[PDB]
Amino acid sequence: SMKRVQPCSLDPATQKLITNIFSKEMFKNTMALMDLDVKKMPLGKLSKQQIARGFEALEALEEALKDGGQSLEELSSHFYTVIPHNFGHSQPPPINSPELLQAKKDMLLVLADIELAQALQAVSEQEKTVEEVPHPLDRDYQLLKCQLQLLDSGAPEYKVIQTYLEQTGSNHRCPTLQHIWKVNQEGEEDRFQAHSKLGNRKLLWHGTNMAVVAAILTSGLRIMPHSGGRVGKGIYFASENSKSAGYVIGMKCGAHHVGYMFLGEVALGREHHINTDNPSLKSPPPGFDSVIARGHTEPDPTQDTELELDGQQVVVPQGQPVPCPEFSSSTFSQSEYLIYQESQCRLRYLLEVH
């Protein structure tokens, strides 16, 4: 009656990643870092319904912020009832600016991915009936339905990636490369095949929270109804690692600070360049396939190389950032690359950095 636990098939680096991205402590840390009350909102109690209600609560606040309706205090108080927060048992603050509204929308987006990782781990029926089970880390890896292949130092893309990291990361304290995995999330293949005629492909950084990595591996980079930011409702990338790194929180592990960053192949097609913030965008202007909020600098284009991925040439920057005189007055210090359809990105690499 005792089930056999089969030996783990994963290399140590992958075991570590799979431990990290499903870690209950990591998820709870992330909740504490977003001011959530983890005692009142434990991981096993998070539900899709709760999250839905929280978004409805924010929708009502958004309406008030743009009549005799409920005050921002009352409507905040509703939100906090739905999504418990911890501010050392003082009374949480009213959501009364566009900036704070987007911060709460972004918190719930993170929480939605935490809930997905929990839902994903639910033990199925066939699992209750089989007499042998995979090692927990094999099981968790398999749940992702995503192939990860750890690269070594002499993989053809390895030096190119390392160069992109080193040349466009922070000058004074560049993240240290630990591992690179090739990511093959199948069922990304077909939608991305759609844009095969679209030239102008670029390999671009997307940094995130450790708490959303499992979700990204299962489903790709996604746009939600409440997605937002300086260039509107799309998926954000950067050509400078240092820009994307600003979005990595990174978890203390022993004496190290561990973080994860993706590289996506983005079919940018015909680019629309802007130089001022537009949080209201929901697509490129007619006739364009992307929006690039152009920064004061860009990785030196004269140093761009290419990789061949699924038979397509994909541009990879290799240059240190240089000034772009035409965009010296831009509201953006560094470029943000936007797509507004999920099919225009395919995940290609995952990097662990310390």
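Residue numbers here begin at 1 and follow the sequence given.
A chain break between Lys66 and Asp67 is present, corresponding to 1 to 3 residues of the deposited sequence without coordinates. The PDB entry records a higher mean C-alpha B factor for 57-65 than for its counterpart among 26-34 and 57-65. When 75-83 is weighed against 273-281, 75-83 comes out higher, by mean CA B-factor as recorded in the entry.
Which of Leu217, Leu143, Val123, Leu137 has the largest Cα B-factor in the deposited entry comes down to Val123. Of the candidates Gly264, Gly259, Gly228, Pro175, it is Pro175 whose Cα B-factor is highest according to the PDB record. When all modelled residues of the chain are sorted by CA temperature factor, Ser242 is found within the lowest third.
When the modelled residues of the chain are ordered by C-alpha B-factor, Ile292 sits in the lowest third. When the modelled residues of the chain are ordered by their C-alpha B factor, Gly232 lands in the middle third. Among all modelled residues in this chain, the alpha-carbon of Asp304 has a temperature factor (C-alpha) in the middle third. For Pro317, the recorded CA B-factor ranks within the lowest third of the chain. Only modelled residues enter the ranking.
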